[PDB]
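The chain below stands alone and is given as structure tokens, in the form deposited in one PDB entry.
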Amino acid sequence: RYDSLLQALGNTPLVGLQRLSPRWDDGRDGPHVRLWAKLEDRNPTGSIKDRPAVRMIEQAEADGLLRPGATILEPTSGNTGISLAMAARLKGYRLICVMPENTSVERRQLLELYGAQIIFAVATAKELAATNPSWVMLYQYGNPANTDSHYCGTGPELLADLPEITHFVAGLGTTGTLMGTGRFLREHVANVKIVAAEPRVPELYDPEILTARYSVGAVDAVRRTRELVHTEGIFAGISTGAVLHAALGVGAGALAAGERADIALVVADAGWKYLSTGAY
């Protein structure tokens, strides 16, 4: 049990995708190639961003950067603003999110609910931070706590749950997830593969870490997100569909080469915020 919602965070579960695995069972035909999904929507605000959000805030506090009633500013496409708005409400901070205007109405709603101001990005936010030195910009694209959250959280859990891992597949945005989990897995798992997925450069980016990076188009991502609810029951968000596409690429390849694989892939969020788009 937890004294706070901020604690009921991480230790997200890992689910084998039996029906979507290129080959779930070792057989006459060749060794298994398994997709395992990690459900990061099982977090305080329903996305993986709770990890860095909280770790960044607890980090600014512990530094003494943050103080009662301080204004926090963050450029975000949704998920991180939501995680920061929830944490800021519990801690007595005022959040301002700078967002692109093409973000889903669900984001806006939940942010308003949590007491966040929304400006309608990194550049704008940077300029505002400079206009108002009072305000604190945690800066998820450069903040080491972002990467540490995954190095110290997502990584170890994955490894504890899937010690036989061969690939890790995730989305590449601020890059924290792939860098932190990537750096952890690479530092512990000989010959591990770290795969990115991008839509067709942050200070957190480390060129050394990725083994592959797939570019995935919008239509493939949507397609795959639907396939995932159809086949495995998981009401994933759009990013997860692109992640799944790349994972299946990597799956086809291991299956082609006669090699075993245990592909761990991230489900960064659920479909809830994406329904207004009509992609479901």
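Rigid core here is just the name for the largest C-alpha set that superposes within 1.5 Å across the two forms. Residue indices: 1-based, along the sequence shown.
Deposited sequence between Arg200 and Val201: 10 or more residues lack coordinates. Missing deposited residues between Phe120 and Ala121: 4 to 9, all without coordinates in the entry. Taking the PDB entry as given, 65 to 73 carries the higher mean Cα B factor of the two stretches 52 to 60 and 65 to 73. The stretch with the higher mean CA B factor, choosing between 29 to 37 and 42 to 50, is 29 to 37.
When the Cα B-factors of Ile165, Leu110, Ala160, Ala196 are read from the PDB record, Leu110 comes out highest. The maximum CA B-factor among the listed residues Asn191, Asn79, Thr154, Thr174, taken from the PDB record, is found at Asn191.
Among the modelled residues of its chain, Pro13 has a C-alpha B-factor that falls in the lowest third, as given in the PDB entry.
Ranked within its chain, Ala257 lands in the middle third, by CA B factor from the PDB record. Annotation for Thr103: C-alpha temperature factor in the highest third relative to the rest of the modelled chain, per the entry. Placement of the Cα temperature factor of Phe184 within the chain: middle third of the modelled residues, per the deposited record.
When the modelled residues of the chain are ordered by their C-alpha B factor, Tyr141 lands in the lowest third.
Separately, the form deposited in another entry exists; it is not shown, and the next lines address it.
In the core-superposed comparison between the shown form and the other one, the C-alpha atom of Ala70 has shifted by at least 2 angstroms. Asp161 is not among the residues whose C-alpha shifts by 2 Å or more between the shown form and the other one once the rigid core is aligned; its shift stays under 2 Å. Once you line up the core between the shown form and the other one, the Cα of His188 stays within less than 2 Å of where it was. Compared with the form shown here, the Cα atoms of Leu255 and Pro207 move at least 3 Å closer together in the other form. Put simply, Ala242 and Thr103 spread apart in the other form: their C-alpha atoms are 3 Å or more farther than in the form shown.
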